[PDB]
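Undergrad: Quick one: structure below, then a few questions.
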Amino acid sequence: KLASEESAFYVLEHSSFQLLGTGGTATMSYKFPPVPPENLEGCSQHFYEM
Amino acid sequence: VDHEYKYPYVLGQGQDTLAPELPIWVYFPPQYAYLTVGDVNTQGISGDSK
């Protein structure tokens with residue numbers, strides 16, 4: 001597979017980013033979208049035996 | 001920074017002095033040198049000139 005016009009070549013140095021010295025701190029924060037919770041409890045019946 | 005244009009302006013002459021085209025390359029800024037007017041003196045018998 002050779003590169004084509006659609007092939008995306010990303011150079012991260014072409015964007016702005018933080019330069020952090022020694023002792024530096026930086027923080028990212030993210031909120032999840034609403035998602036269905038995983039059910040932690042099982043079933044005591046077969047649905048076909050109700 | 002020569003805001004006053006005191007010093008001979010050598011930028012914009014098509015010279016091989018530009019910042020690197022890729023952001024991953026270190027710029028080695030050119031040595032400043034410039035041409036000035038003067039008197040043509042014949043180098044003795046040779047007829048060559050400086």
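Within each chain, counting starts at residue 1; across the structure tokens, chains are named A, B, ... in the order shown, with ligands numbered 1 upward in that order.
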Would you kindly return, as a PyMOL selection string, each protein, DNA or RNA residue with an atom no farther than 12 Å from any atom of residue B:23, considering only C-alpha atoms and excluding same-chain residues fewer than 4 positions away?
TA: (chain A and resi 11-16) or (chain B and resi 19+27)
Undergrad: Would you save the residues of that selection, restricted to N, CA, C and O atoms, as a compact mmCIF listing (two decimals), in the first residue's frame?
TA:
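So result-v9.txt came out as:
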```txt
# COMPACT_ATOMS: atom_id res chain seq x y z
N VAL A 11 1.65 15.60 11.13
CA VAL A 11 2.85 16.09 11.80
C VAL A 11 2.40 16.85 13.04
O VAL A 11 1.92 17.98 12.95
N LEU A 12 2.57 16.22 14.20
CA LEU A 12 2.09 16.80 15.45
C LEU A 12 2.81 18.09 15.82
O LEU A 12 2.22 18.97 16.46
N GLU A 13 4.07 18.24 15.42
CA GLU A 13 4.78 19.51 15.57
C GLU A 13 4.19 20.66 14.78
O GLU A 13 4.57 21.81 15.02
N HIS A 14 3.29 20.40 13.83
CA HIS A 14 2.64 21.52 13.16
C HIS A 14 1.51 22.15 13.97
O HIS A 14 1.03 23.22 13.61
N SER A 15 1.08 21.52 15.06
CA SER A 15 0.10 22.11 15.96
C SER A 15 0.79 22.81 17.13
O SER A 15 2.00 22.67 17.35
N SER A 16 0.01 23.58 17.87
CA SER A 16 0.45 24.12 19.15
C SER A 16 0.33 23.09 20.27
O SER A 16 -0.66 22.37 20.38
N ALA B 19 14.52 30.08 7.24
CA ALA B 19 14.10 29.08 8.21
C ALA B 19 13.75 27.76 7.53
O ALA B 19 13.31 27.75 6.38
N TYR B 27 16.60 25.70 12.75
CA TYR B 27 17.11 26.85 12.01
C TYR B 27 18.51 27.22 12.47
O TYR B 27 18.76 27.40 13.67
```
Undergrad: Could you list, as a ChimeraX atom specification, every residue of chain B that has an atom within 12 Å of an atom of chain A, counting only C-alpha atoms?
TA: /B:21-25
Undergrad: Need to verify the contact set: stretch 35-46 of chain B, 12 Å, only C-alpha atoms, exclusion of same-chain residues closer than 5 positions in sequence. Can you return it as number ranges by chain?
TA: B: 7-10
Undergrad: Using the selection just defined, write its residues with N, CA, C and O atoms as a compact mmCIF listing (two decimals), in the first residue's frame.
TA:
```
# COMPACT_ATOMS: atom_id res chain seq x y z
N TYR B 7 20.81 49.62 9.69
CA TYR B 7 21.75 48.66 9.15
C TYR B 7 21.30 48.16 7.79
O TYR B 7 20.11 47.96 7.57
N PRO B 8 22.26 47.99 6.88
CA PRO B 8 21.94 47.50 5.53
C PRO B 8 21.00 46.30 5.52
O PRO B 8 21.24 45.28 6.17
N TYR B 9 19.91 46.44 4.78
CA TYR B 9 18.86 45.43 4.74
C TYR B 9 19.23 44.37 3.71
O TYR B 9 19.32 44.67 2.52
N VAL B 10 19.44 43.13 4.16
CA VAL B 10 19.86 42.05 3.27
C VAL B 10 18.78 41.00 3.07
O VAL B 10 18.98 40.09 2.25
```
Undergrad: In Å, how far is it from atom CA of residue A:9 to atom CA of residue A:31?
TA: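 Separation between atom CA of residue A:9 and atom CA of residue A:31: 29.1 Å.
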Undergrad: What is the atom CA of residue B:18-atom CA of residue B:30 distance in Å, reported with one decimal?
TA: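 Computing the Euclidean distance for atom CA of residue B:18 and atom CA of residue B:30 yields 8.4 Å.
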Undergrad: For atom CA of residue B:16 and atom CA of residue B:31, quote the distance in Å rounded to one decimal.
TA: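 Computing the Euclidean distance for atom CA of residue B:16 and atom CA of residue B:31 yields 11.7 Å.
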